[PDB]
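A.B. asks: Below you will find the structure I want to go over with you.
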Amino acid sequence: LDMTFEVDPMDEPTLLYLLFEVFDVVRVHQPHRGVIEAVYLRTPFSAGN
Amino acid sequence: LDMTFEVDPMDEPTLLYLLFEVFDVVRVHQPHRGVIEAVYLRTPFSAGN
Amino acid sequence: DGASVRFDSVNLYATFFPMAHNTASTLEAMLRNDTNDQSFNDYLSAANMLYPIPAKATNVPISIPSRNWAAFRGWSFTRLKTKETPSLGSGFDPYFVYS
Amino acid sequence: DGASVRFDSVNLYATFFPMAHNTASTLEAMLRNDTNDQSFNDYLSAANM
Amino acid sequence: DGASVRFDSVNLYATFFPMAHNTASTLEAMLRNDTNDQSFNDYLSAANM
Amino acid sequence: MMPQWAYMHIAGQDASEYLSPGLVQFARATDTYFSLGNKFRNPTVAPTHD
Amino acid sequence: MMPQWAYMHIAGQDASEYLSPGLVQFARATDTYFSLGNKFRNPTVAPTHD
Amino acid sequence: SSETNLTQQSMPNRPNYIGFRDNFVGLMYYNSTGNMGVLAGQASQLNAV
Amino acid sequence: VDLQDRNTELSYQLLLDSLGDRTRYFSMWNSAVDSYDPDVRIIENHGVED
Amino acid sequence: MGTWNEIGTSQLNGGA
Amino acid sequence: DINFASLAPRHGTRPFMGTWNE
Amino acid sequence: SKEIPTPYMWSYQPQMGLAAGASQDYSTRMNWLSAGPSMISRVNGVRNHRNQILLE
């Protein structure tokens with residue numbers, strides 16, 4: 001992907017802020033008194049498990 | 001399972017490093033060009049899932 | 001005490017056996033079949049649990065609530081100083097003052 | 001410009017619905033089962049750049 | 001009191017849902033049929049005198 | 001052509017009754033993307049005698 | 001891709017379809033005192049080809 | 001103190017309201033490399049956050 | 001059958017608030033709720049922009 | 001004076 | 001942009017609330 | 001899932017000799033979240049085969 005934004009000039013340094021919109025999610029399991037186990041997922045722009 | 005370690009006293013705060021030995025194994029499949037499918041099984045403490 | 005490090009470039013190197021194309025093609029054809037899957041295991045196959053021991057303590061009780069122990073291989077252990085080991089999963093450990 | 005803070009203490013508070021002990025145990029048993037995992041998105045989800 | 005207006009141009013703008021060509025054709029065939037005439041009241045209807 | 005009061009939808013059947021069933025299905029299925037509902041008269045006669 | 005998305009509830013079944021029906025009944029029956037609804041994902045897939 | 005210093009002119013200082021951010025944003029370390037939070041059982045150190 | 005320990009006047013002022021909006025004044029029933037200026041009750045002393 | 005009164009279902013494209 | 005939750009409603013029964021098979 | 005459930009693992013009470021309830025086998029399970037449809041179907045078949053030998 002390329003994106004080109006054209007933007008008004010400013011005398012001070014500025015940032016483009018992007019959100020790549022995505023499904024960032026968790027699922028959470030609790031099978032005995034002592035414990036919790038979480039699975040994360042992020043569907044585009046993943047980061048593992 | 002319960003365990004208890006009797007240890008000599010030390011003025012430094014210390015950590016008991018306990019290794020529950022398991023099998024920590026992966027199977028890796030490559031059905032088509034550019035595809036890697038991996039399936040993991042740590043056998044007890046098995047695992048996050 | 002002033003140390004620092006600066007990465008100017010990271011490059012990836014890879015070396016190949018210059019294998020005959022009909023042989024490499026045949027090998028790939030076999031290694032892509034579901035019965036020929038590769039498999040590996042971590043040499044130190046273990047769950048690395050760390051438990052704290054307060055200063056001057058002499059007893060360390062630990063417990064696991066209920067668990068399946070199928071294929072469990074046994075217990076291995078040792079003692080570490082808190083100062084001499086970092087916490088990890090935290091991308092940085094602001095309290096790991098030793099080196 | 002000279003502002004400063006000190007923290008004297010942090011405490012965690014928690015509050016419980018006083019649910020009937022076998023009812024809450026019946027709910028617990030339902031929620032400890034892998035068909036019934038709790039799951040959540042980041043409530044206005046994206047990857048931020 | 002000297003006010004005046006001049007019109008340089010008039011243009012008609014229209015916007016279309018980019019509906020799948022056979023779905024839109026299916027909707028058309030249903031709406032051309034005399035059971036399915038569209039009908040409307042003057043939204044605050046009366047004879048004004 | 002022939003009915004009058006029911007042809008101009010001043011009395012009688014609802015849009016859910018006079019329209020062909022193919023169009024009623026199509027409307028329900030597309031009503032959140034492209035709503036046809038404001039385009040058909042629904043009559044609302046008062047109770048008269050009792 | 002699909003079991004990952006059906007397992008993290010990005011696509012497929014509603015909470016009213018994947019949860020055990022006992023929990024679905026319990027939820028409805030206690031929803032005015034202690035509401036469990038916000039704890040389960042409902043997917044909302046868009047209509048694709050037509 | 002001198003005759004012309006009778007003629008000095010004062011201005012009130014610019015108003016400056018100081019307090020905590022909306023919903024305390026920044027008071028807890030979300031999304032920061034060194035300072036991620038923890039939730040885990042006693043028996044297993046495997047972090048659910 | 002009225003009682004000396006009932007409070008019908010207060011009960012009515014509370015029911016009117018539960019049934020509608022007391023911030024709307026209706027002259028027929030002389031309905032215009034007793035109020036105060038909150039800037040007088042709790043002084044927000046911002047000083048002045050002089 | 002007018003009479004808007006309609007309802008819809010799950011995310012289908014149109015008729016079957 | 002993505003709020004959701006379990007919902008297939010019922011009010012209190014003839015019992016009203018809390019006892020949860022019909 | 002409701003058709004390939006994970007087994008409940010019964011616990012033991014040595015004083016009494018009675019079963020101290022149960023919870024799913026949360027400690028023998030294989031991560032498939034980076035497998036594809038054929039590799040996942042073998043994970044299910046391998047868990048179905050397990051569920052059969054337990055009922056048997």
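Just remember, in the structure tokens the first chain shown is A, the second B, etc., residues are 1-based per chain, and ligands are 1-based in the order shown.
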Please identify all polymer residues within 12 Å of stretch 15-29 of chain D, counting only C-alpha atoms, omitting same-chain residues fewer than 3 positions from it, and present them as a VMD selection string.
C.D. replies: (chain A and resid 29 to 33) or (chain D and resid 12 32 to 37) or (chain G and resid 20 22 to 27 30 33 to 36) or (chain K and resid 18 to 20) or (chain L and resid 8 21 to 24)
A.B. asks: Let me make sure I understand: if you superpose chain A onto chain B using all C-alpha atoms paired in order, what RMSD in Å results?
C.D. replies: 1.2 Å
A.B. asks: Env of residue G:9: 10 Å cut, atoms = only C-alpha atoms, seq-sep filter 2 positions within chain, self excluded. Answer as a count of residues only.
C.D. replies: 22
A.B. asks: Write out as a list in words all residues of chain L that DSSP puts in strand (DSSP E or B) for this structure's backbone.
C.D. replies: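 Output for chain L, strand (DSSP E or B) only: residues 8, 9, 10, 11, 12, 13, 18, 19, 20, 21, 22, 23, 24 and 31 of chain L.
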A.B. asks: As a compact mmCIF listing (two decimals) with N, CA and C atoms, in the first residue's frame, please: chain F after a least-squares superposition onto chain G using all C-alpha atoms matched in order.
C.D. replies:
# COMPACT_ATOMS: atom_id res chain seq x y z
N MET F 1 -9.77 -23.57 18.84
CA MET F 1 -8.40 -23.64 18.30
C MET F 1 -8.35 -23.45 16.78
N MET F 2 -8.90 -24.42 16.02
CA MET F 2 -8.91 -24.54 14.55
C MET F 2 -9.63 -23.49 13.63
N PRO F 3 -10.79 -22.85 13.92
CA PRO F 3 -11.50 -21.98 12.94
C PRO F 3 -10.98 -20.58 12.48
N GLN F 4 -10.25 -19.83 13.31
CA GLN F 4 -9.74 -18.43 13.13
C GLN F 4 -10.73 -17.26 13.09
N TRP F 5 -11.26 -16.86 11.95
CA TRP F 5 -12.20 -15.72 11.83
C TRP F 5 -13.47 -15.88 12.65
N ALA F 6 -13.98 -17.10 12.76
CA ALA F 6 -15.13 -17.45 13.57
C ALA F 6 -14.73 -17.68 15.03
N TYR F 7 -13.47 -17.98 15.35
CA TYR F 7 -13.01 -18.17 16.73
C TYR F 7 -12.89 -16.83 17.43
N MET F 8 -12.38 -15.80 16.76
CA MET F 8 -12.29 -14.44 17.28
C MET F 8 -13.59 -13.66 17.11
N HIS F 9 -14.65 -14.32 16.64
CA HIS F 9 -15.97 -13.75 16.41
C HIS F 9 -16.00 -12.53 15.52
N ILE F 10 -15.29 -12.60 14.39
CA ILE F 10 -15.28 -11.55 13.38
C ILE F 10 -16.38 -11.86 12.35
N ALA F 11 -16.75 -13.14 12.17
CA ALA F 11 -17.79 -13.65 11.26
C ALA F 11 -18.49 -14.90 11.85
N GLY F 12 -19.62 -15.32 11.30
CA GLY F 12 -20.38 -16.50 11.76
C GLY F 12 -21.44 -16.30 12.85
N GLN F 13 -21.54 -17.24 13.79
CA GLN F 13 -22.55 -17.31 14.86
C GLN F 13 -22.59 -16.14 15.86
N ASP F 14 -23.79 -15.85 16.33
CA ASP F 14 -24.13 -14.85 17.34
C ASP F 14 -23.86 -15.39 18.76
N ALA F 15 -23.74 -14.55 19.79
CA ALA F 15 -23.57 -15.05 21.15
C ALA F 15 -24.75 -15.95 21.54
N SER F 16 -25.92 -15.69 20.97
CA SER F 16 -27.11 -16.49 21.20
C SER F 16 -27.05 -17.86 20.51
N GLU F 17 -25.95 -18.19 19.83
CA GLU F 17 -25.75 -19.41 19.06
C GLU F 17 -24.47 -20.14 19.45
N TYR F 18 -23.37 -19.44 19.75
CA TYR F 18 -22.15 -20.14 20.13
C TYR F 18 -22.09 -20.50 21.61
N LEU F 19 -22.68 -19.71 22.51
CA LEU F 19 -22.66 -20.03 23.94
C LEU F 19 -23.50 -21.26 24.25
N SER F 20 -23.14 -22.04 25.26
CA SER F 20 -23.93 -23.20 25.68
C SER F 20 -25.31 -22.74 26.16
N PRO F 21 -26.39 -23.50 25.92
CA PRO F 21 -27.73 -23.04 26.23
C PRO F 21 -27.97 -22.78 27.72
N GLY F 22 -27.26 -23.46 28.62
CA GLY F 22 -27.38 -23.21 30.04
C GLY F 22 -27.03 -21.76 30.35
N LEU F 23 -25.95 -21.24 29.75
CA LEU F 23 -25.52 -19.87 29.96
C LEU F 23 -26.45 -18.86 29.31
N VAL F 24 -27.02 -19.19 28.16
CA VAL F 24 -27.96 -18.29 27.49
C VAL F 24 -29.21 -18.11 28.36
N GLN F 25 -29.71 -19.18 28.98
CA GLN F 25 -30.85 -19.11 29.89
C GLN F 25 -30.50 -18.27 31.11
N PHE F 26 -29.37 -18.58 31.74
CA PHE F 26 -28.90 -17.86 32.91
C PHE F 26 -28.77 -16.37 32.65
N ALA F 27 -28.24 -15.98 31.50
CA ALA F 27 -28.13 -14.58 31.14
C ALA F 27 -29.51 -13.93 31.09
N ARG F 28 -30.44 -14.45 30.29
CA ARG F 28 -31.80 -13.89 30.16
C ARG F 28 -32.50 -13.75 31.50
N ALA F 29 -32.36 -14.74 32.37
CA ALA F 29 -32.97 -14.73 33.68
C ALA F 29 -32.35 -13.73 34.67
N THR F 30 -31.06 -13.37 34.54
CA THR F 30 -30.38 -12.44 35.46
C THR F 30 -30.08 -11.07 34.87
N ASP F 31 -30.44 -10.82 33.62
CA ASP F 31 -30.03 -9.63 32.87
C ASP F 31 -30.42 -8.27 33.45
N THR F 32 -31.34 -8.20 34.41
CA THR F 32 -31.69 -6.94 35.06
C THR F 32 -30.96 -6.71 36.37
N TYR F 33 -30.34 -7.73 36.97
CA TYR F 33 -29.64 -7.60 38.24
C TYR F 33 -28.14 -7.52 37.95
N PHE F 34 -27.64 -8.34 37.02
CA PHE F 34 -26.23 -8.52 36.71
C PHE F 34 -26.12 -8.92 35.24
N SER F 35 -25.95 -7.95 34.34
CA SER F 35 -25.96 -8.19 32.90
C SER F 35 -24.63 -8.64 32.31
N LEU F 36 -24.61 -9.87 31.78
CA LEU F 36 -23.46 -10.46 31.09
C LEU F 36 -23.33 -10.02 29.63
N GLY F 37 -24.33 -9.37 29.05
CA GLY F 37 -24.38 -9.11 27.61
C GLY F 37 -23.21 -8.38 26.96
N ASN F 38 -22.56 -7.43 27.61
CA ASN F 38 -21.44 -6.71 26.99
C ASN F 38 -20.14 -7.52 26.85
N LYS F 39 -20.11 -8.77 27.32
CA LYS F 39 -18.93 -9.63 27.39
C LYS F 39 -18.73 -10.63 26.26
N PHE F 40 -19.59 -10.62 25.26
CA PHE F 40 -19.52 -11.55 24.13
C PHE F 40 -19.67 -10.82 22.80
N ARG F 41 -18.80 -11.12 21.84
CA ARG F 41 -18.81 -10.52 20.49
C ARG F 41 -19.98 -11.02 19.67
N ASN F 42 -20.67 -10.12 19.00
CA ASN F 42 -21.67 -10.44 18.00
C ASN F 42 -21.12 -9.93 16.68
N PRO F 43 -20.83 -10.78 15.70
CA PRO F 43 -20.34 -10.33 14.42
C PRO F 43 -21.44 -9.66 13.60
N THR F 44 -21.08 -8.78 12.67
CA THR F 44 -22.01 -8.01 11.83
C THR F 44 -21.45 -7.78 10.43
N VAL F 45 -21.35 -8.86 9.65
CA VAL F 45 -20.83 -8.88 8.28
C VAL F 45 -21.69 -8.09 7.29
N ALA F 46 -21.11 -7.36 6.34
CA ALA F 46 -21.88 -6.60 5.34
C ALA F 46 -22.34 -7.53 4.18
N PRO F 47 -23.38 -7.21 3.40
CA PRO F 47 -23.99 -8.12 2.41
C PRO F 47 -23.23 -8.62 1.18
N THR F 48 -22.03 -8.15 0.86
CA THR F 48 -21.26 -8.60 -0.33
C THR F 48 -22.02 -8.54 -1.67
N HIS F 49 -22.27 -9.64 -2.37
CA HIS F 49 -22.57 -9.66 -3.81
C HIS F 49 -23.79 -8.95 -4.44
N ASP F 50 -24.98 -8.87 -3.85
CA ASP F 50 -26.14 -8.30 -4.58
C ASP F 50 -26.51 -6.84 -4.33
A.B. asks: Once chain D is fitted onto chain E by least squares over all its in-order Cα atoms, send the moved chain as a PDB file with N, CA and C atoms, in the first residue's frame.
C.D. replies:
ATOM      1  N   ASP D   1     -34.632  49.122  -2.325  1.00  0.00           N
ATOM      2  CA  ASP D   1     -33.344  49.310  -1.639  1.00  0.00           C
ATOM      3  C   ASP D   1     -32.146  48.598  -2.302  1.00  0.00           C
ATOM      4  N   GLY D   2     -32.203  48.404  -3.615  1.00  0.00           N
ATOM      5  CA  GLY D   2     -31.053  48.212  -4.482  1.00  0.00           C
ATOM      6  C   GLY D   2     -30.465  46.813  -4.520  1.00  0.00           C
ATOM      7  N   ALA D   3     -31.038  45.830  -3.833  1.00  0.00           N
ATOM      8  CA  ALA D   3     -30.514  44.478  -3.907  1.00  0.00           C
ATOM      9  C   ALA D   3     -30.713  43.900  -5.306  1.00  0.00           C
ATOM     10  N   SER D   4     -29.793  43.065  -5.770  1.00  0.00           N
ATOM     11  CA  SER D   4     -29.958  42.367  -7.044  1.00  0.00           C
ATOM     12  C   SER D   4     -29.245  41.026  -7.055  1.00  0.00           C
ATOM     13  N   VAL D   5     -29.732  40.108  -7.877  1.00  0.00           N
ATOM     14  CA  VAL D   5     -29.136  38.791  -8.081  1.00  0.00           C
ATOM     15  C   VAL D   5     -28.902  38.576  -9.553  1.00  0.00           C
ATOM     16  N   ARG D   6     -27.885  37.793  -9.887  1.00  0.00           N
ATOM     17  CA  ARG D   6     -27.752  37.179 -11.199  1.00  0.00           C
ATOM     18  C   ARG D   6     -27.463  35.706 -11.021  1.00  0.00           C
ATOM     19  N   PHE D   7     -28.021  34.853 -11.866  1.00  0.00           N
ATOM     20  CA  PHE D   7     -27.661  33.446 -11.880  1.00  0.00           C
ATOM     21  C   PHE D   7     -26.734  33.192 -13.054  1.00  0.00           C
ATOM     22  N   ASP D   8     -25.567  32.619 -12.780  1.00  0.00           N
ATOM     23  CA  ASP D   8     -24.574  32.283 -13.792  1.00  0.00           C
ATOM     24  C   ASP D   8     -24.848  30.906 -14.384  1.00  0.00           C
ATOM     25  N   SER D   9     -25.179  29.921 -13.544  1.00  0.00           N
ATOM     26  CA  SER D   9     -25.521  28.572 -13.997  1.00  0.00           C
ATOM     27  C   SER D   9     -26.380  27.785 -13.011  1.00  0.00           C
ATOM     28  N   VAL D  10     -27.171  26.855 -13.544  1.00  0.00           N
ATOM     29  CA  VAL D  10     -27.871  25.785 -12.831  1.00  0.00           C
ATOM     30  C   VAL D  10     -27.310  24.464 -13.339  1.00  0.00           C
ATOM     31  N   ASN D  11     -26.960  23.520 -12.481  1.00  0.00           N
ATOM     32  CA  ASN D  11     -26.657  22.136 -12.842  1.00  0.00           C
ATOM     33  C   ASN D  11     -27.526  21.210 -12.004  1.00  0.00           C
ATOM     34  N   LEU D  12     -27.865  20.048 -12.531  1.00  0.00           N
ATOM     35  CA  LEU D  12     -28.572  19.029 -11.781  1.00  0.00           C
ATOM     36  C   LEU D  12     -27.548  18.008 -11.322  1.00  0.00           C
ATOM     37  N   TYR D  13     -27.513  17.683 -10.040  1.00  0.00           N
ATOM     38  CA  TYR D  13     -26.736  16.552  -9.548  1.00  0.00           C
ATOM     39  C   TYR D  13     -27.656  15.422  -9.160  1.00  0.00           C
ATOM     40  N   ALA D  14     -27.198  14.192  -9.324  1.00  0.00           N
ATOM     41  CA  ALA D  14     -27.910  12.980  -8.948  1.00  0.00           C
ATOM     42  C   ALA D  14     -26.923  11.969  -8.392  1.00  0.00           C
ATOM     43  N   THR D  15     -27.290  11.149  -7.403  1.00  0.00           N
ATOM     44  CA  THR D  15     -26.386  10.112  -6.878  1.00  0.00           C
ATOM     45  C   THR D  15     -27.049   8.753  -6.812  1.00  0.00           C
ATOM     46  N   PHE D  16     -26.329   7.706  -7.180  1.00  0.00           N
ATOM     47  CA  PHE D  16     -26.852   6.360  -7.322  1.00  0.00           C
ATOM     48  C   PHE D  16     -26.259   5.413  -6.290  1.00  0.00           C
ATOM     49  N   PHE D  17     -27.073   4.570  -5.656  1.00  0.00           N
ATOM     50  CA  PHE D  17     -26.533   3.411  -4.951  1.00  0.00           C
ATOM     51  C   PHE D  17     -25.929   2.475  -6.005  1.00  0.00           C
ATOM     52  N   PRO D  18     -24.683   1.991  -5.870  1.00  0.00           N
ATOM     53  CA  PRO D  18     -23.992   1.207  -6.889  1.00  0.00           C
ATOM     54  C   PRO D  18     -24.422  -0.265  -6.870  1.00  0.00           C
ATOM     55  N   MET D  19     -25.717  -0.522  -6.936  1.00  0.00           N
ATOM     56  CA  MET D  19     -26.309  -1.816  -6.636  1.00  0.00           C
ATOM     57  C   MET D  19     -25.961  -2.871  -7.685  1.00  0.00           C
ATOM     58  N   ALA D  20     -25.734  -4.119  -7.274  1.00  0.00           N
ATOM     59  CA  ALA D  20     -25.281  -5.182  -8.154  1.00  0.00           C
ATOM     60  C   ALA D  20     -26.206  -5.345  -9.346  1.00  0.00           C
ATOM     61  N   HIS D  21     -25.654  -5.454 -10.547  1.00  0.00           N
ATOM     62  CA  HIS D  21     -26.419  -5.180 -11.764  1.00  0.00           C
ATOM     63  C   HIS D  21     -27.592  -6.114 -11.996  1.00  0.00           C
ATOM     64  N   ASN D  22     -27.512  -7.383 -11.600  1.00  0.00           N
ATOM     65  CA  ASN D  22     -28.667  -8.274 -11.666  1.00  0.00           C
ATOM     66  C   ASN D  22     -29.607  -8.064 -10.478  1.00  0.00           C
ATOM     67  N   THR D  23     -29.121  -7.680  -9.303  1.00  0.00           N
ATOM     68  CA  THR D  23     -29.985  -7.320  -8.172  1.00  0.00           C
ATOM     69  C   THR D  23     -30.815  -6.107  -8.503  1.00  0.00           C
ATOM     70  N   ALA D  24     -30.210  -5.021  -8.971  1.00  0.00           N
ATOM     71  CA  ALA D  24     -30.925  -3.818  -9.352  1.00  0.00           C
ATOM     72  C   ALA D  24     -31.916  -4.090 -10.476  1.00  0.00           C
ATOM     73  N   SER D  25     -31.575  -4.981 -11.396  1.00  0.00           N
ATOM     74  CA  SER D  25     -32.482  -5.443 -12.441  1.00  0.00           C
ATOM     75  C   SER D  25     -33.634  -6.284 -11.888  1.00  0.00           C
ATOM     76  N   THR D  26     -33.396  -7.042 -10.825  1.00  0.00           N
ATOM     77  CA  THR D  26     -34.444  -7.783 -10.117  1.00  0.00           C
ATOM     78  C   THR D  26     -35.363  -6.852  -9.342  1.00  0.00           C
ATOM     79  N   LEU D  27     -34.826  -5.812  -8.706  1.00  0.00           N
ATOM     80  CA  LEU D  27     -35.636  -4.767  -8.090  1.00  0.00           C
ATOM     81  C   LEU D  27     -36.431  -3.988  -9.135  1.00  0.00           C
ATOM     82  N   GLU D  28     -35.809  -3.609 -10.249  1.00  0.00           N
ATOM     83  CA  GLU D  28     -36.458  -2.874 -11.322  1.00  0.00           C
ATOM     84  C   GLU D  28     -37.654  -3.656 -11.818  1.00  0.00           C
ATOM     85  N   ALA D  29     -37.470  -4.919 -12.194  1.00  0.00           N
ATOM     86  CA  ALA D  29     -38.555  -5.769 -12.640  1.00  0.00           C
ATOM     87  C   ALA D  29     -39.715  -5.821 -11.641  1.00  0.00           C
ATOM     88  N   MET D  30     -39.448  -5.891 -10.331  1.00  0.00           N
ATOM     89  CA  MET D  30     -40.509  -5.843  -9.325  1.00  0.00           C
ATOM     90  C   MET D  30     -41.225  -4.501  -9.301  1.00  0.00           C
ATOM     91  N   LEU D  31     -40.521  -3.383  -9.424  1.00  0.00           N
ATOM     92  CA  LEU D  31     -41.127  -2.056  -9.364  1.00  0.00           C
ATOM     93  C   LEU D  31     -41.777  -1.583 -10.674  1.00  0.00           C
ATOM     94  N   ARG D  32     -41.527  -2.215 -11.823  1.00  0.00           N
ATOM     95  CA  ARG D  32     -42.237  -1.928 -13.084  1.00  0.00           C
ATOM     96  C   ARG D  32     -43.641  -2.539 -13.206  1.00  0.00           C
ATOM     97  N   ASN D  33     -44.142  -3.228 -12.192  1.00  0.00           N
ATOM     98  CA  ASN D  33     -45.372  -4.006 -12.269  1.00  0.00           C
ATOM     99  C   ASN D  33     -46.526  -3.299 -11.560  1.00  0.00           C
ATOM    100  N   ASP D  34     -47.720  -3.275 -12.148  1.00  0.00           N
ATOM    101  CA  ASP D  34     -48.837  -2.465 -11.647  1.00  0.00           C
ATOM    102  C   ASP D  34     -49.302  -2.807 -10.221  1.00  0.00           C
ATOM    103  N   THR D  35     -48.886  -3.911  -9.600  1.00  0.00           N
ATOM    104  CA  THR D  35     -49.180  -4.170  -8.183  1.00  0.00           C
ATOM    105  C   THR D  35     -48.314  -3.365  -7.237  1.00  0.00           C
ATOM    106  N   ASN D  36     -47.205  -2.815  -7.722  1.00  0.00           N
ATOM    107  CA  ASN D  36     -46.092  -2.296  -6.932  1.00  0.00           C
ATOM    108  C   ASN D  36     -45.835  -0.803  -7.189  1.00  0.00           C
ATOM    109  N   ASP D  37     -46.855  -0.033  -7.545  1.00  0.00           N
ATOM    110  CA  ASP D  37     -46.716   1.405  -7.792  1.00  0.00           C
ATOM    111  C   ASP D  37     -46.307   2.184  -6.543  1.00  0.00           C
ATOM    112  N   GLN D  38     -45.424   3.164  -6.693  1.00  0.00           N
ATOM    113  CA  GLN D  38     -45.057   4.041  -5.596  1.00  0.00           C
ATOM    114  C   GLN D  38     -46.137   5.101  -5.389  1.00  0.00           C
ATOM    115  N   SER D  39     -46.429   5.485  -4.153  1.00  0.00           N
ATOM    116  CA  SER D  39     -47.489   6.458  -3.866  1.00  0.00           C
ATOM    117  C   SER D  39     -47.186   7.303  -2.650  1.00  0.00           C
ATOM    118  N   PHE D  40     -47.701   8.530  -2.644  1.00  0.00           N
ATOM    119  CA  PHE D  40     -47.262   9.592  -1.741  1.00  0.00           C
ATOM    120  C   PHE D  40     -48.389  10.597  -1.505  1.00  0.00           C
ATOM    121  N   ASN D  41     -48.602  11.056  -0.272  1.00  0.00           N
ATOM    122  CA  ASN D  41     -49.391  12.253   0.024  1.00  0.00           C
ATOM    123  C   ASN D  41     -48.503  13.501   0.028  1.00  0.00           C
ATOM    124  N   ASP D  42     -49.086  14.675  -0.186  1.00  0.00           N
ATOM    125  CA  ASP D  42     -48.486  15.928   0.257  1.00  0.00           C
ATOM    126  C   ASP D  42     -48.272  15.857   1.767  1.00  0.00           C
ATOM    127  N   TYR D  43     -47.044  16.028   2.236  1.00  0.00           N
ATOM    128  CA  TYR D  43     -46.663  15.432   3.518  1.00  0.00           C
ATOM    129  C   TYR D  43     -47.262  16.124   4.739  1.00  0.00           C
ATOM    130  N   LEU D  44     -47.844  17.310   4.573  1.00  0.00           N
ATOM    131  CA  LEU D  44     -48.900  17.810   5.447  1.00  0.00           C
ATOM    132  C   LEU D  44     -50.024  18.490   4.631  1.00  0.00           C
ATOM    133  N   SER D  45     -50.716  17.623   3.887  1.00  0.00           N
ATOM    134  CA  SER D  45     -51.835  17.811   2.947  1.00  0.00           C
ATOM    135  C   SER D  45     -53.051  18.593   3.436  1.00  0.00           C
ATOM    136  N   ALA D  46     -53.520  19.528   2.600  1.00  0.00           N
ATOM    137  CA  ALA D  46     -54.757  20.306   2.690  1.00  0.00           C
ATOM    138  C   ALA D  46     -55.044  21.014   1.360  1.00  0.00           C
ATOM    139  N   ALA D  47     -56.238  21.581   1.190  1.00  0.00           N
ATOM    140  CA  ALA D  47     -56.540  22.599   0.181  1.00  0.00           C
ATOM    141  C   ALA D  47     -56.464  24.001   0.804  1.00  0.00           C
ATOM    142  N   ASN D  48     -55.641  24.884   0.254  1.00  0.00           N
ATOM    143  CA  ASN D  48     -55.223  26.117   0.915  1.00  0.00           C
ATOM    144  C   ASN D  48     -56.026  27.309   0.391  1.00  0.00           C
ATOM    145  N   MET D  49     -56.712  28.042   1.262  1.00  0.00           N
ATOM    146  CA  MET D  49     -57.632  29.116   0.876  1.00  0.00           C
ATOM    147  C   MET D  49     -57.395  30.381   1.693  1.00  0.00           C
TER     148      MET D  49
END
A.B. asks: DSSP on the backbone, then: every residue of chain I marked alpha helix (DSSP H), written as number ranges by chain.
C.D. replies: I: 8-19, 38-41
A.B. asks: Take the residues that were just selected and, keeping N, CA and C atoms, output them as a compact mmCIF listing (two decimals), in the first residue's frame.
C.D. replies:
# COMPACT_ATOMS: atom_id res chain seq x y z
N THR I 8 -49.94 13.25 51.13
CA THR I 8 -50.47 13.30 49.77
C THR I 8 -49.87 14.44 48.96
N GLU I 9 -49.55 15.58 49.56
CA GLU I 9 -48.97 16.69 48.82
C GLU I 9 -47.57 16.34 48.31
N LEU I 10 -46.68 15.85 49.18
CA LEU I 10 -45.34 15.44 48.77
C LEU I 10 -45.43 14.29 47.78
N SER I 11 -46.28 13.30 48.04
CA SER I 11 -46.43 12.16 47.14
C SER I 11 -46.77 12.62 45.74
N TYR I 12 -47.62 13.64 45.59
CA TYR I 12 -47.94 14.18 44.28
C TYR I 12 -46.73 14.85 43.64
N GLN I 13 -45.95 15.65 44.38
CA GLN I 13 -44.80 16.31 43.78
C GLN I 13 -43.79 15.30 43.24
N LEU I 14 -43.63 14.17 43.92
CA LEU I 14 -42.73 13.12 43.46
C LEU I 14 -43.34 12.39 42.27
N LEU I 15 -44.64 12.08 42.28
CA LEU I 15 -45.22 11.38 41.14
C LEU I 15 -45.14 12.21 39.87
N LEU I 16 -45.38 13.53 39.92
CA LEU I 16 -45.29 14.36 38.73
C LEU I 16 -43.91 14.27 38.09
N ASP I 17 -42.85 14.25 38.88
CA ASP I 17 -41.49 14.08 38.36
C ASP I 17 -41.29 12.69 37.75
N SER I 18 -41.90 11.65 38.32
CA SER I 18 -41.75 10.31 37.75
C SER I 18 -42.53 10.13 36.45
N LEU I 19 -43.65 10.85 36.28
CA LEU I 19 -44.50 10.81 35.09
C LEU I 19 -44.06 11.73 33.96
N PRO I 38 -28.02 27.56 40.41
CA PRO I 38 -26.89 26.81 40.93
C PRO I 38 -25.62 27.65 41.07
N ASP I 39 -25.50 28.75 40.33
CA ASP I 39 -24.34 29.64 40.45
C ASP I 39 -24.38 30.42 41.77
N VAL I 40 -25.56 30.51 42.40
CA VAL I 40 -25.79 31.12 43.71
C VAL I 40 -25.61 30.07 44.80
N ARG I 41 -26.06 28.84 44.55
CA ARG I 41 -25.93 27.75 45.53
C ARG I 41 -24.48 27.35 45.75
A.B. asks: Extract, using only C-alpha atoms, all DNA, RNA and protein residues at most 12 Å from residue L:47, discarding same-chain residues fewer than 3 positions from it, and format them as a list in words.
C.D. replies: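 Surrounding residues, per the criterion: residues 1, 3, 4, 5, 6, 7, 25, 28, 29, 30, 40, 41, 42, 43, 44, 50, 51, 52, 53 and 54 of chain L.
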A.B. asks: Residues within 6 Å of residue H:41, please, as a PyMOL selection string. Count only C-alpha atoms; anything in the same chain fewer than 3 positions from it doesn't count.
C.D. replies: (chain A and resi 34-35) or (chain H and resi 44)
A.B. asks: What would the file look like if the residues just selected were written as a compact mmCIF listing (two decimals), in the first residue's frame with C-alpha atoms?
C.D. replies:
# COMPACT_ATOMS: atom_id res chain seq x y z
CA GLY A 34 -6.21 -20.88 40.40
CA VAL A 35 -6.03 -19.82 36.76
CA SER H 44 1.55 -19.94 37.09
